[PDB]
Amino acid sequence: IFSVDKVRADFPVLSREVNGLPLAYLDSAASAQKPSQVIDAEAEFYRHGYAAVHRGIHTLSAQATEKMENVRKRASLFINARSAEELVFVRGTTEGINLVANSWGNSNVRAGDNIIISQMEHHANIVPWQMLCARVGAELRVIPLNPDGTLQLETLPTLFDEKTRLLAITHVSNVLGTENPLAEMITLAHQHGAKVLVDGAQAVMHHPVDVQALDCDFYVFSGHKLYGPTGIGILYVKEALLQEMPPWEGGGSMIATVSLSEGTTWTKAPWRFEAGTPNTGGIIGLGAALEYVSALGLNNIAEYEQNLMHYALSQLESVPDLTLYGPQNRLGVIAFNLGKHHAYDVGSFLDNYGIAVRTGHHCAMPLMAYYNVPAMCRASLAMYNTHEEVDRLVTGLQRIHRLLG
C-alpha cells in the first residue's frame, strides 16, 4: 500500500511557502516536482563522475557512456519496448514529435495524402503536423469531440481512407484527463496501413504503459512530467520503422564517416538520431526518476490517485456554479471554470491562497474553442497531493465565488 506522507517527505519543494502560506502545488500536469533521489543523482554525477560520453578512452568517459546506455535500457523496460535500441533521447515530447514529423514524415507523406489528429491534442501534437502538411501538400484531418470530452469515434470511417498515412493521437488529455482507446484505434489504423504516433506525456506517470501491447509505431513522453529533470524525453520507434528513417539533426556522433569530397555516411539507429553532446545530466536524473516511480509501483500510484480524484470530484459538488470539462473517469487533471469569472481571476485568487493551479488555454486552443471558452482552470492531483489540499481548493473556490459573485 501507498503512504502519501512518506512520499511527500522525499519532495523538498512541498515544504515551501508561497505568499506567506503553505504551498499546495496542483500543477504537476504542467511539470512535476522532483524527489531528492532524482535531484541528488544528477548532482552526484556532476560531483564525482562527470565526463564527455562518446565511448571515450579514459575511465570517467567510458563509465559515463555506460551510465547513459543503462538509462536507455531501463527506459525501454519501463515502457516494455522489445529493445533498448528502439529508444531515442530527445529534449522532450515536443522535440520527439518534431523528429518523427521530419525524419519519417518527409519521406512517407506525399501530396494528396492525409494525416489524422484529434481535436483534444496538445499543440505539440498539432503544429508539427500542420508544418508537415504545408511542406508536402497533404491534408490534416481531425477527430471531433463529444460534449463529455471523449472522441466521436463514429466519424473514423469518414476520416480513414487509403491515403491516410498517420494517426497522431493523445494517450491521455492534458486538459480533460480523458484516456483514449489506443489499442482499438491502432488496430483500425493498421488495417489501412497507417502508422500511429501516440503522445504519452500525460500517461506514463499515472499507470503502467506497454508499447508492445498497444502496438503503436511511435510513443513519446517527457522526463519533467515523470518527476524527472527538465531537458530530457524519450521517443520510442518500432525497430523496423526506425532503421529506415533518415537523420534529422546532423553533426558529431551520428556519423559513420565524414568526407568533404566523398560525402558523409550515417551510423545505426538510435545513435543516428542523437547529434552532438547528449544531455547526460538529464539522462542520469531521468534514470533515477524511473527507479523512484518503479519503487513506489505505478499500480499503487494509480490506486492512490484514483481515490484522490474521486474524493475531489465528490467535494467539488459543493461549489456553486462550478463547470467541469471532461469525463467522470478523468485521470490526473480537473479542468473547470467558476461561474462567469475569468479563469485568470480564479487562478490569481487561488495563488493568493498559496494554491498553484494553471489557467489559460493549456496549449490546447482547438479544445478551448470546441467548448466556446477562451480559457479554463486546471488542477492536477499527483501522487504527492493530499485530501487536505483538495479541501483548500474547494474552500477557496467557495470564498472566491462569494467575494466575486
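Definition used throughout: the rigid core is the maximal C-alpha set that superposes within 1.5 Å between two forms. Residue indices: 1-based, along the sequence shown.
Greater average departure of CA atoms from the shown form, over structures and residues in 4 other deposited structures of this protein after a core fit, characterises 257 to 265 among 213 to 221 and 257 to 265. In the deposited entry, the Cα temperature factor of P35 places it in the middle third of its chain's modelled residues.
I115: CA B factor in the middle third of modelled residues in this chain (values from the PDB entry).
Remark: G263 belongs to the highest third of its chain, ranked by C-alpha B-factor as recorded.
In the deposited entry, the Cα temperature factor of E249 places it in the middle third of its chain's modelled residues. Annotation for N174: C-alpha temperature factor in the middle third relative to the rest of the modelled chain, per the entry.
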